[PDB]
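What follows is one structure encoded as structure tokens, with my remarks underneath.
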Amino acid sequence: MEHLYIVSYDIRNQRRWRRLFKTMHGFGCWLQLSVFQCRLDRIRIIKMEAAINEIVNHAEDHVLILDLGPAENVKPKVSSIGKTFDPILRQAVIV
Amino acid sequence: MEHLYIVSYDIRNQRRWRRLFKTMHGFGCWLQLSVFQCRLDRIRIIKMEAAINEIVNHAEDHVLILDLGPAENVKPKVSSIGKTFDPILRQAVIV
Amino acid sequence: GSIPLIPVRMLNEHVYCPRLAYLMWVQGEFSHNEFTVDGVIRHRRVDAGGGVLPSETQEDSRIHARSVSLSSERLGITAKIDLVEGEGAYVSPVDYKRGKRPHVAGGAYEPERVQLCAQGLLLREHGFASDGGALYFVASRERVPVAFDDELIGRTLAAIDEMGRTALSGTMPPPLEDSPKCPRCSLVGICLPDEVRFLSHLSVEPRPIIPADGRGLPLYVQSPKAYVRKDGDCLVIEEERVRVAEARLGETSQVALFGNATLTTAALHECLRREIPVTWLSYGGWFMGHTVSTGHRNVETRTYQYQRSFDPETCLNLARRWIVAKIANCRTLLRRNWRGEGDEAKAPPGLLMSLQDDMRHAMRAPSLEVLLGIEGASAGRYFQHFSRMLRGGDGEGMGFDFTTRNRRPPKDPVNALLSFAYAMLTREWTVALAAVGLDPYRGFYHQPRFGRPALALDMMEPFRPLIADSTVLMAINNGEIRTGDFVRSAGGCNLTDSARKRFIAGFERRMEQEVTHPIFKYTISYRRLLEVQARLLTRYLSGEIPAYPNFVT
Amino acid sequence: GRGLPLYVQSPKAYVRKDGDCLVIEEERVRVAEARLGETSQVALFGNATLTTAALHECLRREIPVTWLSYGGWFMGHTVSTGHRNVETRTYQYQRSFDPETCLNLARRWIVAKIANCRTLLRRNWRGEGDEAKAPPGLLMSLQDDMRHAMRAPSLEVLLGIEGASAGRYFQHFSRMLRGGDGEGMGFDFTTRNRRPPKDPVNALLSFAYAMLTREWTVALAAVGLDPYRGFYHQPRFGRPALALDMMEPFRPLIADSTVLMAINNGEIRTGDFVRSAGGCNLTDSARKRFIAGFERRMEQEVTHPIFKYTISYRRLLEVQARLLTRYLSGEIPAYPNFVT
Amino acid sequence: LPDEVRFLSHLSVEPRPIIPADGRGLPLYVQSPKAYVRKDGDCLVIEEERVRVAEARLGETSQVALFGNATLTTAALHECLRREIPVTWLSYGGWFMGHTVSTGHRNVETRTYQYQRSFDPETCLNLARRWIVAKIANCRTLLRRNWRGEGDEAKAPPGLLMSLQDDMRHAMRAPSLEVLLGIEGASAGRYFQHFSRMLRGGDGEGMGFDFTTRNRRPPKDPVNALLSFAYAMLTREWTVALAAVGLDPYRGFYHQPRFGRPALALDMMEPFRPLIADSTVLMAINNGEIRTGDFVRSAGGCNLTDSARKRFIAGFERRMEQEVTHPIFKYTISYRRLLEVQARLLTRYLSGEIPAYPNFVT
Amino acid sequence: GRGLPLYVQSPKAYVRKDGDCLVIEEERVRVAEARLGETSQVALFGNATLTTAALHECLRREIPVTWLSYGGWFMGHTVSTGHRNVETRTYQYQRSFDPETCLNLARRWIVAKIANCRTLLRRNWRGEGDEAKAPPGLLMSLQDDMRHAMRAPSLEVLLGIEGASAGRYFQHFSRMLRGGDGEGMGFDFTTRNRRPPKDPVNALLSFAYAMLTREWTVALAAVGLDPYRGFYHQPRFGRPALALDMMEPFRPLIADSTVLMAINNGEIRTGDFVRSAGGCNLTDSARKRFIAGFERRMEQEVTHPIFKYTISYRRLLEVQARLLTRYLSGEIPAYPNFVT
DNA sequence: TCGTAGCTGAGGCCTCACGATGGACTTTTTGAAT
DNA sequence: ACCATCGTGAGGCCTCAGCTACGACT
Ligand code: SF4
Ligand SMILES: [Mn+2]
Ligand SMILES: [Mn+2]
Ligand SMILES: [Mn+2]
Ligand SMILES: [Mn+2]
Ligand SMILES: [Mn+2]
Ligand SMILES: [Mn+2]
């Protein structure tokens with residue numbers, strides 16, 4: 001049952017930065033200067049987990065993934081003071 | 001009943017950056033390149049809320065505060081791949 | 001000079017809870033919780049800043065007055081209007097709130113309506129036609145007008161009357177009968193309504209505790225050559241010019257400075273400005289000095305404290321109960337915690353009637369010198385037998401000499417530990433009683449000599465076994481402290497840094513160990529127990545309750 | 001008595017102990033000493049530094065270290081855990097219950113006020129031009145009013161004649177201006193102490209009273225006394241009752257004074273005031289200029305509490321409180337007010 | 001589908017709560033007639049007038065429909081192939097012109113029995129019977145439940161009721177399927193003829209309906225344009241579903257395989273026409289989603305504006321993601337999941353694993 | 001028939017429609033046309049571009065657009081929603097159930113293989129030096145083996161004689177080497193098609209077979225046919241049965257060929273192979289060099305399916321499948337195999 | 001018109017070390033909760 | 001051994017625009 005995740009990265013290589021960067025584009029949506037919001041299910045969260053142990057270099061980079069929760073009731077858990085936050089929504093894109 | 005919070009900031013002023021920065025030191029602990037972990041109670045979370053609407057400049061900076069939860073069972077919600085995470089602990093400091 | 005003008009929100013709270021009003025005005029004792037802080041925050045950013053002035057002469061203009069000073073000679077009250085909205089000569093009060101529109105008829109509860117009516121009458125007294133105001137809820141951003149009734153004015157004036165009469169009375173009004181109103185009164189932490197009722201002998205069942213709010217953790221500086229420096233709102237402790245650690249100021253609640261540590265004057269100032277108590281302790285933990293701040297707001301508490309202090313019979317009875325509780329806790333600890341391997345596993349019952357006859361003699365103490373004698377005898381037997389459980393018997397170098405009480409530089413390991421625990425608990429008690437307005441030095445049983453505040457010295461005796469003895473046992477049995485942990489000297493047995501580290505850590509955990517109150521039957525930390533016992537004592541001094549609960553387990 | 005207070009202006013100061021001596025240092029270069037024989041409270045201004053060893057020795061000698069801003073703003077005392085203070089405090093409490101001690105003490109402070117008032121009349125009577133000498137019948141009435149006080153049968157009587165004589169005094173308080181009425185800043189004899197200020201004269205008077213009471217509070221706490229338990233005023237409801245009792249005789253020499261320079265020297269002008277539905281409130285600039293003026297008042301030295309040693313009023317406060325302690329505990333009889 | 005295969009496989013038990021959705025995405029609709037679809041890495045960006053209109057996360061994508069004259073980067077097509085995401089091409093009106101395949105589907109016996117079915121006239125007859133009966137039974141349900149009269153119409157005229165009920169009776173009493181065409185046509189004629197009886201509680205401004213203008217390619221009516229659009233655009237959904245389960249969506253039993261209209265899915269959809277297409281049309285019209293100004297006139301007829309198409313597709317999507325309860329298995333399930341489950345059940349019935357196909361009558 | 005396939009190598013190509021015409025553009029400069037009369041599948045190599053309007057018109061004319069990498073790697077077809085393909089597919093399915101159609105069709109493909117095999121014997125018999133001419137009795141035995149096929153009574157018989165004649169052929173397959181035995185790369189007549197390769201000859205043969213089958217799969221799907229439902233092999237279990245049936249006659253002309261240049265021209269050497277518990281597997285470099293060699297085989301043109309028009313084998317595949325369609329649906333009788 | 005994956009540049013976050021102007025404190029009331 | 005917030009630099013994240021190569025593939 002669907003969950004929302006928040007991911008923050010600090011990377012010390014432009015190569016790895018590129019790769020990680022748009023692989024992340026593969027998973028969520030950019031939200032903050034080095035943070036992506038991520039509304040995902042178990043299978044793809046595991047796929048994520050797999051990809052980023054292995055684009056990333058362990059001893060010396062650092063990334064964090066945070067399960068906020070079920071993503072039905074997220075904004076009770078969130079507060080934004082810059083631009084307003086509202087989470088990802090699953091609809092088909094019709095444009 | 002005690003909760004844990006995670007805060008991320010993107011600021012476009014070194015002045016505001018200084019002020020926000022160590023005011024944040026007033027509240028939690030540095031964890032990530034622009035992120036602080038925060039184990040707090042209601043009164044001081046409100047104090048936080050008050051301080052940062054007003055050091056910060058709204059239209060154009062951006063900060064986020066994330067209630068992970070009660071902070072008894074946090075690490076079930078966390079995953080770190082760089083340095084290991086373990087949350088704040090309340091004991092008196094005795095050093 | 002019996003009574004000045006009454007502040008208007010004191011009326012607001014009064015109809016809310018007359019007891020609360022008595023507390024909040026006659027003695028004050030303000031406190032903060034979620035909603036109090038929230039309301040302060042919403043009020044300050046706009047209304048704390050001033051606005052337009054109320055013109056004496058008013059012909060045709062818009063007035064947007066903010067933070068107006070009005071007070072009534074004849075009505076007997078004083079106010080700061082939250083905002084004034086008036087068209088030429090027809091003005092109207094404006095109040096700000098913090099929450100939603102309440103789901104009540106008229107969208108406003110009785111009290112705030114009394115605010116509006118009463119300070120509207122104040123506006124009238126200054127030559128104005130108000131006849132109604134409004135409530136501006138900040139959160140939902142909404143104005144809700146209020147019309148000024150007749151009997152609403154009656155409510156206001158009668159409340160004025162009955163404030164004045166309860167103040168001149170000098171009588172604690174009773175708490176609410178098990179009302180949902182208290183559990184957010186933000187002073188239930190000091191009203192103690194369920195407790196005051198239950199002991200106030202109108203027997204009900206006390207409800208689960210309103211939990212901890214706005215409490216931090218203490219600051220222990222044992223490193224004998226540490227530097228304590230302020231940086232902004234953080235406080236950094238450094239030793240050998242390296243940042244050993246820092247503590248978040250808000251989370252801090254107390255500061256104890258062992259031995260020859262150093263404090264930056266600025267840090268002291270900062271602590272004062274957040275009136276965080278700070279204390280100075282000898283290297284061994286002798287309690288040498290602390291700070292005060294212009295006394296404590298309450299006075300009647302101290303007044304009755306002294307009245308107590310000058311009734312010999314009250315003192316006698318209280319000492320009776322104190323020592324009885326002490327030796328009853330010795331009952332409990334001794335039998336429950338006795339460690340024999342076989343045929344000692346049960347506490348020798350001769351001891352049992354020994355101490356039981358001791359409690360009997362204790363209540364049969366005619367004066368308190370006899371009470372000293374009984375105290376000494378019981379304590380002598382208790383320490384004499386004390387060795388009967390630690391590690392299931394004395395260890396290597398952990399032998400105990402019970403005679404070496406009343407003996408300042410300890411000659412024994414265990415005596416050093418015990419004296420340390422005693423004195424270092426004493427600080428806790430001192431802070432607690434200071435916080436509640438009691439003068440920790442004016443005692444009834446113990447007598448005020450240096451380094452040992454008399455009243456708290458009295459106050460701690462029942463807790464000596466549950467706290468100090470328990471900690472010593474925990475550390476010794478759990479292998480926390482061993483022979484190599486101590487340093488010999490002509491002075492005696494002293495503690496290494498690692499020893500002190502770990503001993504303080506264990507003691508702290510014991511403070512943050514939950515127990516169940518025998519009479520109120522709910523979980524509560526020993527530390528909270530400290531304040532609750534303090535305030536209960538206060539009430540008993542005020543006569544609000546028949547007798548003091550001694551907390552016997 | 002025991003000793004005298006020690007002040008250290010310097011934000012630079014570094015203080016340690018020389019055995020029996022306290023030593024003041026500027027930049028490792030040496031400034032002053034206390035040496036502990038005749039010492040009283042050690043007060044340290046903003047960010048002044050004193051060594052922990054010195055502090056411990058001070059505690060052992062039971063001396064109330066206290067803390068001021070660099071501006072001189074008080075923010076805390078530091079007290080040792082000794083029988084100095086409670087002994088005084090307990091003495092205070094039973095002797096508080098005793099009525100005619102309260103009577104005697106009160107009517108001393110009242111005559112002290114009023115004698116100071118008439119003395120001030122002849123220190124600053126500014127009815128010059130034709131009346132450099134105040135109306136004599138006023139002064140027969142007054143000296144009668146200290147007599148009226150000295151008979152005082154009971155406390156409520158004392159307060160009644162108090163109010164009478166005080167209104168009497170404020171009738172001619174207008175004459176104290178720098179040559180006439182203070183048009184733009186007029187004084188009311190009947191709107192006295194009405195809670196917000198209805199006249200600028202009343203405003204300045206009230207603010208001066210505020211801080212004067214406040215310094216009495218801090219000095220009173222400096223010694224082992226409780227300021228909120230008074231013998232004359234009513235204790236509860238936030239009022240520092242003992243401080244209020246203390247502050248009477250010195251309203252003239254300080255608060256009424258501070259007003260008199262602040263107005264006659266042009267520091268206080270018309271535009272400094274704001275009128276609001278019956279409230280004449282000052283401006284922050286006027287506030288703080290007036291505050292510097294009050295410090296100026298605090299800075300003058302008078303010499304004779306009971307001995308020639310030319311102290312500023314501020315140290316006279318501590319001397320006065322300590323003499324009160326000397327009165328209590330049955331050490332000296334009848335508490336000889338300072339009067340000039 | 002073990003619980004289902006058991007429960008219909010006639011060893012009666014109670015089916016348990018559904019094993020929920022896993023590994024399913026959402027479709028890609030490209031209606032902007034001049035949009036440009038480009039691959040960047042694993043993301044897919046849609047841009048119009050050389051500006052990044054939007055992008056879709058590839059993994060979350062499940063289908064792609066390309067309306068009208070949109071443009072696809074060959075690379076994007078390749079990427080979709082490599083994640084064998086089906087892609088389809090639709091006329092600007094939504095005519096279903098082409099899609100892709102990939103080396104056939106792994107199963108064969110499914111298709112084999114499908115054809116065996118396809119060549120047993122009696123199986124075809126029975127299945128068509130049940131299909132049309134279910135269709136007109138859903139007309140039962142929609143008509144009476146959703147009828148909007150203001151007073152004395154609020155109840156559906158019961159003459160209609162035995163009318164259609166006798167229709168279902170004749171339907172199972174159809175001897176051959178040409179008679180079934182006749183019954184189908186008659187019932188549908190009455191149904192559309194009465195269709196106006198609920199929308200907005202009566203026809204709106206320019207929303208009048210002409211039931212004769214079915215079988216009429218460029219629609220002359222607003223509502224006909226809406227209905228044909230919904231029909232055809234549902235048809236795509238069915239086609240994808242049956243392709244996914246290995247069925248050949250073109251080899252039908254009742255309908256016959258002509259261009260743009262896959263025969264088997266054309267059959268397959270008929271019971272769902274009212275529950276899906278009709279329901280959506282009603283929802284949009286009554287809820288004020290679509291109004292007169294939303295349509296464009298032409299000699300061709302009534303066509304849709306961009307905003308019209310935007311919102312109509314959005315509503316239809318929501319209808320897909322609207323949960324219902326299965327009459328026989330009595331648990332919540334999306335219409336879209338219903339599509340696959342009905343498909344696989346059909347498969348099993350073709351394999352003979354179960355006695356008869358559940359027609360999903362509400 | 002209808003038309004012929006169209007190829008566009010260019011990754012640069014931009015194709016649109018000229019009414020009835022398809023127009024190829026290089027850089028807005030114009031290249032080729034199809035013009036739609038005699039067109040077949042439109043195949044586009046990597047990142048070739050064709051306008052949507054052209055695509056729609058193609059769909060209306062029911063033509064199977066398909067997609068190749070720039071390398072030429074197939075990755076998808078595109079099919080219109082029309083009765084072209086199912087008609088063929090349904091015809092395929094009932095005519096699949098019919099037995100003696102399967103018999104006739106099978107024994108054509110078998111004789112086609114084997115005649116191609118002997119023809120290849122005399123195209124590439126490399127027993128020269130003393131035996132430039134192969135053993136005659138082998139060829140009487142063979143031509144007997146196509147006769148043996150033409151009598152074929154039933155399918156299992158057909159496969160039995162198939163295996164016999166194939167082992168026969170592989171007995172002398174060693175003679176096809178470039179002058180002798182291929183020491184280091186020896187061929188086994190009995191380890192045939194054993195699943196991992198036990199000989200390098202078998203490895204190359206198997207890989208060539210793999211891709212040959214695979215191109216038959218793609219060409220078969222190009223036309224409206226199902227490759228997994230065969231008339232001769234067994235359909236289930238992943239085997240493309242119809243593709244397997246198709247690929248028989250062309251094993252010689254293509255796979256056996258591709259091996260013969262790859263070995264006789266030194267592209268394939270000893271070191272290219274890896275031995276593993278009975279497995280002679282190639283190296284990736286050898287793989288892809290061999291792959292280029294296979295493309296080379298695919299690139300030669302033969303002219304006479306039924307008409308002189310000199311097509312590469314690859315277009316012959318489409319021609320062959322379409323002729324199969326011509327056979328099905330009862331349009332032409334008896335499916336005249338290509339044989340050289 | 002190959003189109004995209006990968007790499008250079010340039011700006012801007014983000015923090016720290018090391019430096020330098022000088023040394024906050026204002027009468028009282030208000031401030032939630034159901 | 002007057003202290004502690006305040007203000008500059010210089011490095012290191014962080015992202016983008018703009019370029020250049022190559023062709024996933026069994
Ligand atoms: S519990 Fe709170 S609200 Fe109730 S009477 Fe006590 S202080 Fe007032
Ligand atoms: Mn980062
Ligand atoms: Mn940031
Ligand atoms: Mn308010
Ligand atoms: Mn004792
Ligand atoms: Mn007075
Ligand atoms: Mn074969």
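Residues in the structure tokens are numbered from 1 in each chain, the chains being A, B, ... in the order shown, and ligands are numbered from 1 in the order shown.
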Problem - Nearby polymer residues, ligand 5, at most 9 Å, only C-alpha atoms (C1' of nucleotides) and all ligand atoms, as number ranges by chain - result: C: 323, 372, 375-376, 379, 446, 457-458, 460-461
Exercise for the section: Could you find all residues in chain A that DSSP calls strand (DSSP E or B) from the backbone, and write them as a count of residues only? Expected result: 30
Given identical sequences, can you show me chain A least-squares superposed on chain B via all its Cα atoms in order, as a PDB file with C-alpha atoms, in the first residue's frame?
```
ATOM      1  CA  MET A   1       4.555  13.290  23.817  1.00  0.00           C
ATOM      2  CA  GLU A   2       7.946  13.714  22.273  1.00  0.00           C
ATOM      3  CA  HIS A   3       8.475  13.789  18.495  1.00  0.00           C
ATOM      4  CA  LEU A   4      11.367  13.863  16.048  1.00  0.00           C
ATOM      5  CA  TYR A   5      11.669  16.336  13.199  1.00  0.00           C
ATOM      6  CA  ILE A   6      13.903  16.757  10.169  1.00  0.00           C
ATOM      7  CA  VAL A   7      14.497  20.180   8.663  1.00  0.00           C
ATOM      8  CA  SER A   8      15.986  21.155   5.306  1.00  0.00           C
ATOM      9  CA  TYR A   9      16.763  24.659   4.145  1.00  0.00           C
ATOM     10  CA  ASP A  10      17.692  26.491   0.969  1.00  0.00           C
ATOM     11  CA  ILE A  11      18.526  30.139   1.627  1.00  0.00           C
ATOM     12  CA  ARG A  12      19.749  32.833  -0.748  1.00  0.00           C
ATOM     13  CA  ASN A  13      21.422  35.226   1.694  1.00  0.00           C
ATOM     14  CA  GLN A  14      24.571  34.751   3.723  1.00  0.00           C
ATOM     15  CA  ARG A  15      23.121  37.033   6.388  1.00  0.00           C
ATOM     16  CA  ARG A  16      19.986  34.968   6.712  1.00  0.00           C
ATOM     17  CA  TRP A  17      22.114  31.885   6.351  1.00  0.00           C
ATOM     18  CA  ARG A  18      24.145  32.810   9.419  1.00  0.00           C
ATOM     19  CA  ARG A  19      21.135  33.682  11.499  1.00  0.00           C
ATOM     20  CA  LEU A  20      19.068  30.680  10.516  1.00  0.00           C
ATOM     21  CA  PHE A  21      22.115  28.463  10.815  1.00  0.00           C
ATOM     22  CA  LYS A  22      22.966  28.806  14.376  1.00  0.00           C
ATOM     23  CA  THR A  23      19.463  29.489  15.532  1.00  0.00           C
ATOM     24  CA  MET A  24      19.010  25.991  14.172  1.00  0.00           C
ATOM     25  CA  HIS A  25      21.950  24.934  16.283  1.00  0.00           C
ATOM     26  CA  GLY A  26      19.694  26.200  19.033  1.00  0.00           C
ATOM     27  CA  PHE A  27      17.171  23.478  18.250  1.00  0.00           C
ATOM     28  CA  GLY A  28      18.646  20.253  16.953  1.00  0.00           C
ATOM     29  CA  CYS A  29      21.827  18.710  15.631  1.00  0.00           C
ATOM     30  CA  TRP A  30      23.508  19.044  12.264  1.00  0.00           C
ATOM     31  CA  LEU A  31      23.078  15.871  10.273  1.00  0.00           C
ATOM     32  CA  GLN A  32      23.457  16.636   6.601  1.00  0.00           C
ATOM     33  CA  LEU A  33      24.986  19.286   4.411  1.00  0.00           C
ATOM     34  CA  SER A  34      21.911  21.470   4.835  1.00  0.00           C
ATOM     35  CA  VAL A  35      19.776  19.367   7.194  1.00  0.00           C
ATOM     36  CA  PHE A  36      19.267  19.138  10.950  1.00  0.00           C
ATOM     37  CA  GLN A  37      17.697  16.367  12.976  1.00  0.00           C
ATOM     38  CA  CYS A  38      15.388  17.668  15.665  1.00  0.00           C
ATOM     39  CA  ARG A  39      13.942  15.819  18.656  1.00  0.00           C
ATOM     40  CA  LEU A  40      11.400  18.211  20.142  1.00  0.00           C
ATOM     41  CA  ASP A  41       8.201  18.771  22.092  1.00  0.00           C
ATOM     42  CA  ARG A  42       5.145  20.864  21.216  1.00  0.00           C
ATOM     43  CA  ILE A  43       6.087  24.075  22.998  1.00  0.00           C
ATOM     44  CA  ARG A  44       9.472  24.316  21.412  1.00  0.00           C
ATOM     45  CA  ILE A  45       8.289  23.168  18.013  1.00  0.00           C
ATOM     46  CA  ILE A  46       5.966  26.150  18.127  1.00  0.00           C
ATOM     47  CA  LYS A  47       8.856  28.329  19.244  1.00  0.00           C
ATOM     48  CA  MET A  48      10.753  27.050  16.238  1.00  0.00           C
ATOM     49  CA  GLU A  49       7.813  27.757  13.990  1.00  0.00           C
ATOM     50  CA  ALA A  50       7.683  31.323  15.248  1.00  0.00           C
ATOM     51  CA  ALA A  51      11.394  32.025  14.876  1.00  0.00           C
ATOM     52  CA  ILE A  52      11.579  30.704  11.350  1.00  0.00           C
ATOM     53  CA  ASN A  53       8.870  32.574   9.545  1.00  0.00           C
ATOM     54  CA  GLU A  54      10.739  35.629  10.502  1.00  0.00           C
ATOM     55  CA  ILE A  55      14.416  35.026  10.188  1.00  0.00           C
ATOM     56  CA  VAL A  56      13.484  33.521   6.816  1.00  0.00           C
ATOM     57  CA  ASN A  57      12.228  35.534   3.829  1.00  0.00           C
ATOM     58  CA  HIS A  58       9.138  33.825   2.443  1.00  0.00           C
ATOM     59  CA  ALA A  59       8.680  34.410  -1.281  1.00  0.00           C
ATOM     60  CA  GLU A  60      12.160  33.336  -2.144  1.00  0.00           C
ATOM     61  CA  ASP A  61      13.848  31.096   0.430  1.00  0.00           C
ATOM     62  CA  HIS A  62      12.503  27.662   1.291  1.00  0.00           C
ATOM     63  CA  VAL A  63      12.599  25.454   4.384  1.00  0.00           C
ATOM     64  CA  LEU A  64      10.898  22.168   5.279  1.00  0.00           C
ATOM     65  CA  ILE A  65      10.114  20.551   8.618  1.00  0.00           C
ATOM     66  CA  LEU A  66       9.154  16.882   8.671  1.00  0.00           C
ATOM     67  CA  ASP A  67       7.649  15.113  11.651  1.00  0.00           C
ATOM     68  CA  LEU A  68       8.980  11.597  11.458  1.00  0.00           C
ATOM     69  CA  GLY A  69       7.016  10.568  14.498  1.00  0.00           C
ATOM     70  CA  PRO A  70       7.224   9.790  18.185  1.00  0.00           C
ATOM     71  CA  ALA A  71      11.003   9.141  18.081  1.00  0.00           C
ATOM     72  CA  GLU A  72      10.743   5.941  20.052  1.00  0.00           C
ATOM     73  CA  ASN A  73      10.715   3.924  16.829  1.00  0.00           C
ATOM     74  CA  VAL A  74      12.425   6.233  14.390  1.00  0.00           C
ATOM     75  CA  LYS A  75      15.042   4.096  12.683  1.00  0.00           C
ATOM     76  CA  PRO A  76      12.297   1.809  11.346  1.00  0.00           C
ATOM     77  CA  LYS A  77      11.514   4.917   9.307  1.00  0.00           C
ATOM     78  CA  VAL A  78      15.087   5.931   8.439  1.00  0.00           C
ATOM     79  CA  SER A  79      17.848   4.541   6.249  1.00  0.00           C
ATOM     80  CA  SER A  80      21.379   5.909   5.961  1.00  0.00           C
ATOM     81  CA  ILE A  81      24.035   4.798   3.504  1.00  0.00           C
ATOM     82  CA  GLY A  82      26.772   7.242   4.331  1.00  0.00           C
ATOM     83  CA  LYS A  83      27.616   7.579   7.954  1.00  0.00           C
ATOM     84  CA  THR A  84      25.212   5.620  10.100  1.00  0.00           C
ATOM     85  CA  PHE A  85      22.224   7.466  11.495  1.00  0.00           C
ATOM     86  CA  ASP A  86      20.998   7.112  15.017  1.00  0.00           C
ATOM     87  CA  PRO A  87      18.688   9.779  16.433  1.00  0.00           C
ATOM     88  CA  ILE A  88      18.986  12.201  19.305  1.00  0.00           C
ATOM     89  CA  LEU A  89      18.838  10.789  22.818  1.00  0.00           C
ATOM     90  CA  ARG A  90      17.684  12.683  25.890  1.00  0.00           C
ATOM     91  CA  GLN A  91      20.066  12.195  28.728  1.00  0.00           C
ATOM     92  CA  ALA A  92      21.602  14.837  30.833  1.00  0.00           C
ATOM     93  CA  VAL A  93      25.073  15.626  29.592  1.00  0.00           C
ATOM     94  CA  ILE A  94      27.539  14.759  32.301  1.00  0.00           C
ATOM     95  CA  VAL A  95      30.922  15.522  30.746  1.00  0.00           C
TER      96      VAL A  95
END
```
Select from chain G every residue with an atom at most 7 Å from any atom of chain D, then for each give the shortest pair of atoms and their distance in Å to one decimal, using only C-alpha atoms (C1' of nucleotides), rows by chain and rising number, as a Markdown table.
```
| residue | atom | partner | partner_atom | distance |
| --- | --- | --- | --- | --- |
| G:23 | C1' | D:70 | CA | 5.6 |
| G:25 | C1' | D:73 | CA | 6.5 |
| G:27 | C1' | D:207 | CA | 5.2 |
```
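Distance-wise, atom CA of residue 173 of chain C and atom CA of residue 74 of chain C end up 26.0 Å apart.
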Practice task
Can you list, as JSON, numbers by chain, all residues belonging to chain A that DSSP tags as alpha helix (DSSP H)?
Solution key: {"A": [14, 15, 16, 17, 18, 19, 20, 21, 22, 23, 24, 25, 42, 43, 44, 45, 46, 47, 48, 49, 50, 51]}
Handout entry: Surrounding residues as a ChimeraX atom specification, ligand 1, max 9 Å, only C-alpha atoms (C1' of nucleotides) and all ligand atoms
Key = /C:13-14,16-24,173-194 /G:33
Exercise for the section: Pick out the residues no farther than 9 Å from ligand 6, counting only C-alpha atoms (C1' of nucleotides) and all ligand atoms, and list them as a list in words. Expected result: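 Answer in the requested format: residues 110, 113, 159, 162, 163, 166, 233, 244, 245, 247, 248, 249 and 251 of chain D.
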Handout entry: Shell of 8 Å around ligand 4 (only C-alpha atoms (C1' of nucleotides) and all ligand atoms), written as a ChimeraX atom specification
Key = /C:39,43,82,95-98 /G:30-31
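Rounded to one decimal, atom CA of residue 247 of chain C and atom CA of residue 513 of chain C lie 22.0 Å from each other.
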Handout entry: Surrounding residues of residue 296 of chain F excluding itself and chain neighbours under 5 positions, 10 Å, only C-alpha atoms (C1' of nucleotides), as JSON, numbers by chain
Key = {"F": [258, 261, 290, 291]}
Grab the residues selected above and save them as a compact mmCIF listing (two decimals), in the first residue's frame with N, CA, C and O atoms.
```txt
# COMPACT_ATOMS: atom_id res chain seq x y z
N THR F 258 27.53 -19.30 -43.87
CA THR F 258 28.21 -18.34 -43.01
C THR F 258 29.37 -19.00 -42.30
O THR F 258 30.47 -18.45 -42.23
N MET F 261 32.41 -19.46 -45.11
CA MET F 261 33.38 -18.36 -45.18
C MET F 261 34.07 -18.13 -43.85
O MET F 261 35.29 -17.93 -43.80
N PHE F 290 32.09 -12.76 -36.23
CA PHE F 290 31.22 -13.72 -36.88
C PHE F 290 29.88 -13.08 -37.23
O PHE F 290 29.26 -13.45 -38.23
N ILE F 291 29.43 -12.14 -36.41
CA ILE F 291 28.15 -11.49 -36.66
C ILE F 291 28.24 -10.60 -37.88
O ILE F 291 27.34 -10.59 -38.73
```
